[PDB]
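Student: I am attaching a structure below and will ask some questions about it afterwards.
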Amino acid sequence: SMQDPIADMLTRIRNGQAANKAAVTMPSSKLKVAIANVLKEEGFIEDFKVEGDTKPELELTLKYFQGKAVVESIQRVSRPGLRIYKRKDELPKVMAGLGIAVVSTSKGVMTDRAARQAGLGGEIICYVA
Amino acid sequence: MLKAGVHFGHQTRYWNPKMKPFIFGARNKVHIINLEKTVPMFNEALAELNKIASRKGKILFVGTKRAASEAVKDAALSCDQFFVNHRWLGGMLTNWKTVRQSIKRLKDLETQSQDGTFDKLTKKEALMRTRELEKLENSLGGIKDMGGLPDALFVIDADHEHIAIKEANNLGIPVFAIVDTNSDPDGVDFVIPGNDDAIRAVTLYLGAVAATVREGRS
Amino acid sequence: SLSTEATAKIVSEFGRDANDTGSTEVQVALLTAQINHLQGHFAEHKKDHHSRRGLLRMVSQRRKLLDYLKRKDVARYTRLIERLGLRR
Amino acid sequence: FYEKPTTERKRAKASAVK
RNA sequence: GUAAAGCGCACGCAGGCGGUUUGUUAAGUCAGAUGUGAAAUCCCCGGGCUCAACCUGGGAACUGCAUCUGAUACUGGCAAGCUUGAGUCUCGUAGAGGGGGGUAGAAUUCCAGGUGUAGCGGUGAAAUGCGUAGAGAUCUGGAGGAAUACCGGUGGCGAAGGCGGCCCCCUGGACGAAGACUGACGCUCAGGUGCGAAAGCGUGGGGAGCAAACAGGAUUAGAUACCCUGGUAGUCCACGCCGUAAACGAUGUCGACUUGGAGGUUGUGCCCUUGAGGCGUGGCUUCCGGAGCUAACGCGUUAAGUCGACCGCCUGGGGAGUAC
């Protein structure tokens, strides 16, 4: 999007899933791909692949275990306009741990299970659930 | 090469995008169903019908449309089974106690309406009641045998009787529909991307279903 | 307004080569050519308000390209606005 | 009317359209 | 949107946000550490008052600040780019988009002429009115002012207000076909600036109809109203002001995503365009409609859906958009 290229991808993921699409496409980033790894390895989505040189477009292959989607509700938290940063202990829990958060830690982007084990807080990218 | 490779499609331009994938892609201003992809949910429905008949399937042959009507009554009889070859009377599933008393009334017609005209009060008035409520028994021709609550359901369309599926899913009965392409397949249970017109086709479908159900008891 | 050759010469001398319409100084001087032409119009009518909207639109885009010159490369800025007399 | 006639010709298009 | 609440509309400084790759810094951020965060209060495990309130030991806590050492993903800086964001050029398409000039004819009115004549008008009946002089009616002309029948449309254009005869002069946008070129040049914008229907005002013209005000005639219980006969300001023009509207899609601008159908208007690509078009692709546009949203009606790819960036406003009715 013109001012939030990451809430834009999240909106892609949970618009193209109300419509029940198999796969969605968007112009990729480095942070977009860094997220996509954390999504696709916590099983929130099948697998992705980025492709393109002048216009490297990210395409996620959405997942769903029934008519229901596996991704219930992703929430963009650290909006440009209100940047949200947390410490290693005040890291949010999503659905009391059932769902995943995505934070930008000094050692990269990861979940909060792993960034709470790693003892290193971050920048709350989005709640994944 | 078979039935699937014989009937093609429907739905010139007023199409329903809920069953988007079921079509190859429209040719000659009409949509064409993925006819080859229909047999994997032919044989599965056939196998489950065999299983249900093994449990003595209580299975409906909903035939509300004009042409399939006698084309299905023949089936249920050759199916030794039930049907509704006429209008889906509003609530023949949810309002079951009503039709329960109604079939009591019809059994009364076939037992005592003969007995009433015999000697009870009048000759001619009882004959009038006979010639009128024979139309009542003409209604409800299929369901008339057993206590109700059929195991499953084999409606032959969706749009024409969206109320039928709307009641069977609200009650939890497996709808074995043969969706048109004009229809709204979100409600059905075992949707079959077939073509509901071309009475030849529906006769073929019901003949296959009859062949399955007549010995699903193994 | 402005003619095809009138814009052609601007693209010619103010572009780094032929068909360098896009460089910001070509755009700036082409816009200022058009503005200088239209002052003679708007001094005649004074009741044409549905054209001072366009004149203001291009004066605003000229200032917006000029600030971009200023940040991106100062030397071209300070060599242009005297070739034009611009940034009074 | 100077303002109705553009309204009836844009209302009765509810009357006489169907 | 309709409950209170989107400025009338734009432009725009400050401000707020910012595509993408690499390098750098390490300010935000994060981790650790060091000091400090008075005591009592608060909490915890105690202890002593016969219990408790109360007193009390030790801890925890004081969610802060400052300094130091690491990380470097994200945000910021600085540098180098990139092309998708935004903009220039080639090229055409449409249009009541503006501004300035003329110009035509019908129509009301007035004036002059001819013919000849007793009514004309007016309403629910009526008089005031106009007229025997020549009215009405008719045709013949002439003056003036104001608007542009038909096309015309659920049409089109414009930021809104708004813009309809025709032709020219200047001009503003928009959209579409391929291209080329800059390289983030962007979005929003408190204040600010400018446009702002109609009334209204100022100074000079003009003034056909129409007509607040004002006269006279009916109505009514009364009529200062509806109704009729006159009718001035105004309506028109130039310059200046006013700044408001139910200025309304009662929907701020910008961007991204998300099933379908039928129309409309304007480009264009391919197809025997044979043609009308078929197959496509753009833009703008009106009407249905499940998802979804809504209190609801309803909206529904032009959202009131799912998100993001900014701005404006709301916080029971009255008093009051009033006093100062």
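Chain labels follow the order of the structure tokens: the first chain is A, the next B, and so on; residue numbering restarts at 1 in every chain, and ligands are counted from 1 in their shown order.
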Identify, with DSSP run on backbone atoms, the residues in chain D assigned to alpha helix (DSSP H), and express the list as a list in words.
Tutor: residues 5, 6, 7, 8, 12, 13, 14 and 15 of chain D
Student: According to DSSP computed on the backbone, where in chain A is there strand (DSSP E or B)? Give the residues as an MDAnalysis selection string.
Tutor: chainID A and resid 23:27 47:51 57:61 75:76 79 82 85 94 99:105 108:110 123:128
Student: Convert the current residue selection to file output with N, CA and C atoms, as a short mmCIF file (atom, residue, chain, number, x, y, z; two decimals), in the first residue's frame.
Tutor:
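Printed below is result_37.cif as written:
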```cif
data_model
loop_
_atom_site.label_atom_id
_atom_site.label_comp_id
_atom_site.auth_asym_id
_atom_site.auth_seq_id
_atom_site.Cartn_x
_atom_site.Cartn_y
_atom_site.Cartn_z
N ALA A 23 -4.50 -19.07 -3.50
CA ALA A 23 -3.24 -18.34 -3.46
C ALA A 23 -3.48 -16.86 -3.71
N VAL A 24 -2.62 -16.03 -3.11
CA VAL A 24 -2.69 -14.58 -3.27
C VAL A 24 -1.31 -14.11 -3.71
N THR A 25 -1.27 -12.96 -4.37
CA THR A 25 -0.04 -12.39 -4.89
C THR A 25 0.07 -10.94 -4.46
N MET A 26 1.30 -10.48 -4.24
CA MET A 26 1.54 -9.09 -3.88
C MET A 26 2.99 -8.76 -4.18
N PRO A 27 3.33 -7.48 -4.31
CA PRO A 27 4.74 -7.09 -4.47
C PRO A 27 5.52 -7.33 -3.19
N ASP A 47 2.85 -22.72 1.87
CA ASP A 47 4.19 -22.45 1.37
C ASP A 47 4.11 -21.25 0.45
N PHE A 48 5.20 -20.54 0.27
CA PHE A 48 5.19 -19.40 -0.62
C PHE A 48 6.31 -19.56 -1.63
N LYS A 49 6.37 -18.61 -2.56
CA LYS A 49 7.57 -18.43 -3.36
C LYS A 49 7.56 -17.01 -3.89
N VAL A 50 8.68 -16.36 -3.79
CA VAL A 50 8.86 -15.03 -4.36
C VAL A 50 9.48 -15.19 -5.73
N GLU A 51 9.12 -14.30 -6.65
CA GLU A 51 9.67 -14.37 -8.00
C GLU A 51 9.57 -12.99 -8.63
N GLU A 57 7.27 -10.33 -7.13
CA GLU A 57 5.97 -10.42 -6.49
C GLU A 57 5.93 -11.63 -5.56
N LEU A 58 5.54 -11.38 -4.32
CA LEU A 58 5.35 -12.44 -3.35
C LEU A 58 4.01 -13.10 -3.60
N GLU A 59 3.97 -14.43 -3.58
CA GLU A 59 2.67 -15.08 -3.63
C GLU A 59 2.64 -16.14 -2.55
N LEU A 60 1.69 -16.00 -1.65
CA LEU A 60 1.43 -16.98 -0.61
C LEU A 60 0.36 -17.93 -1.11
N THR A 61 0.49 -19.20 -0.78
CA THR A 61 -0.52 -20.18 -1.14
C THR A 61 -1.34 -20.45 0.11
N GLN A 75 -3.90 -9.37 12.88
CA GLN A 75 -4.10 -7.99 13.28
C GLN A 75 -2.79 -7.21 13.17
N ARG A 76 -2.80 -6.15 12.37
CA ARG A 76 -1.66 -5.25 12.29
C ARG A 76 -1.59 -4.39 13.54
N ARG A 79 1.48 0.04 13.68
CA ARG A 79 1.08 0.90 12.57
C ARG A 79 2.02 2.09 12.46
N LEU A 82 1.41 4.84 14.89
CA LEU A 82 1.58 4.46 16.28
C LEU A 82 2.48 3.23 16.28
N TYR A 85 6.48 -1.07 20.36
CA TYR A 85 7.68 -1.82 20.68
C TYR A 85 7.49 -2.45 22.04
N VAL A 94 -0.98 -14.40 22.37
CA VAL A 94 -2.14 -14.41 21.49
C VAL A 94 -3.01 -15.61 21.84
N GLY A 99 -2.46 -18.82 19.62
CA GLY A 99 -2.07 -18.13 18.41
C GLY A 99 -0.71 -17.46 18.54
N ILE A 100 -0.20 -16.99 17.41
CA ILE A 100 1.18 -16.57 17.26
C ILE A 100 1.22 -15.05 17.12
N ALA A 101 2.28 -14.45 17.64
CA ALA A 101 2.58 -13.07 17.32
C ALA A 101 3.84 -13.02 16.46
N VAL A 102 4.05 -11.90 15.79
CA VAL A 102 5.25 -11.72 14.98
C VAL A 102 5.90 -10.43 15.42
N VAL A 103 7.14 -10.51 15.88
CA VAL A 103 7.87 -9.34 16.31
C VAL A 103 9.20 -9.27 15.57
N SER A 104 9.72 -8.07 15.47
CA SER A 104 11.03 -7.81 14.91
C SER A 104 12.02 -7.75 16.05
N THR A 105 12.81 -8.79 16.22
CA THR A 105 13.83 -8.83 17.25
C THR A 105 15.19 -8.53 16.66
N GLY A 108 16.42 -10.75 14.29
CA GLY A 108 15.57 -10.96 13.14
C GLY A 108 14.11 -10.96 13.54
N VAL A 109 13.27 -11.35 12.58
CA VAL A 109 11.83 -11.49 12.78
C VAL A 109 11.54 -12.91 13.23
N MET A 110 10.75 -13.06 14.29
CA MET A 110 10.24 -14.38 14.65
C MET A 110 8.98 -14.24 15.49
N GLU A 123 9.66 -5.48 18.20
CA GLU A 123 8.77 -4.50 17.59
C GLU A 123 7.58 -5.27 17.04
N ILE A 124 6.40 -5.08 17.62
CA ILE A 124 5.29 -6.00 17.39
C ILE A 124 4.75 -5.86 15.99
N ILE A 125 5.16 -6.75 15.09
CA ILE A 125 4.75 -6.62 13.70
C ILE A 125 3.25 -6.80 13.56
N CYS A 126 2.71 -7.89 14.11
CA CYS A 126 1.31 -8.24 13.95
C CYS A 126 0.98 -9.43 14.82
N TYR A 127 -0.28 -9.51 15.25
CA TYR A 127 -0.81 -10.72 15.87
C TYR A 127 -1.27 -11.67 14.79
N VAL A 128 -0.83 -12.92 14.85
CA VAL A 128 -1.25 -13.93 13.89
C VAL A 128 -2.20 -14.87 14.58
#
```
Student: Using only C-alpha atoms (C1' of nucleotides) and a distance of at most 9 Å, pull out the residues of chain D that contact chain E, as an mmCIF file with N, CA and C atoms, in the first residue's frame.
Tutor:
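Writing the result to out-v2.cif gives the following:
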```cif
data_model
loop_
_atom_site.group_PDB
_atom_site.id
_atom_site.type_symbol
_atom_site.label_atom_id
_atom_site.label_comp_id
_atom_site.auth_asym_id
_atom_site.auth_seq_id
_atom_site.Cartn_x
_atom_site.Cartn_y
_atom_site.Cartn_z
ATOM 1 N N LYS D 10 -36.332 13.673 -13.231
ATOM 2 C CA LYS D 10 -35.497 12.708 -12.540
ATOM 3 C C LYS D 10 -36.224 12.014 -11.397
ATOM 4 N N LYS D 13 -38.968 9.212 -13.708
ATOM 5 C CA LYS D 13 -38.148 8.066 -14.069
ATOM 6 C C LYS D 13 -38.237 6.969 -13.022
ATOM 7 N N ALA D 14 -38.874 7.241 -11.884
ATOM 8 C CA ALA D 14 -39.431 6.192 -11.050
ATOM 9 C C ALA D 14 -40.844 5.868 -11.486
ATOM 10 N N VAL D 17 -40.545 4.293 -15.778
ATOM 11 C CA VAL D 17 -39.397 3.537 -16.277
ATOM 12 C C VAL D 17 -39.796 2.070 -16.329
#
```
Student: If you take only C-alpha atoms and a cut-off of 12 Å, which residues of chain A touch chain B, and what are their nearest atom pairs and distances in Å to one decimal, in chain and number order, as a Markdown table?
Tutor:
```
| residue | atom | partner | partner_atom | distance |
| --- | --- | --- | --- | --- |
| A:19 | CA | B:18 | CA | 10.1 |
| A:20 | CA | B:18 | CA | 10.5 |
| A:21 | CA | B:21 | CA | 11.5 |
| A:67 | CA | B:186 | CA | 10.4 |
```
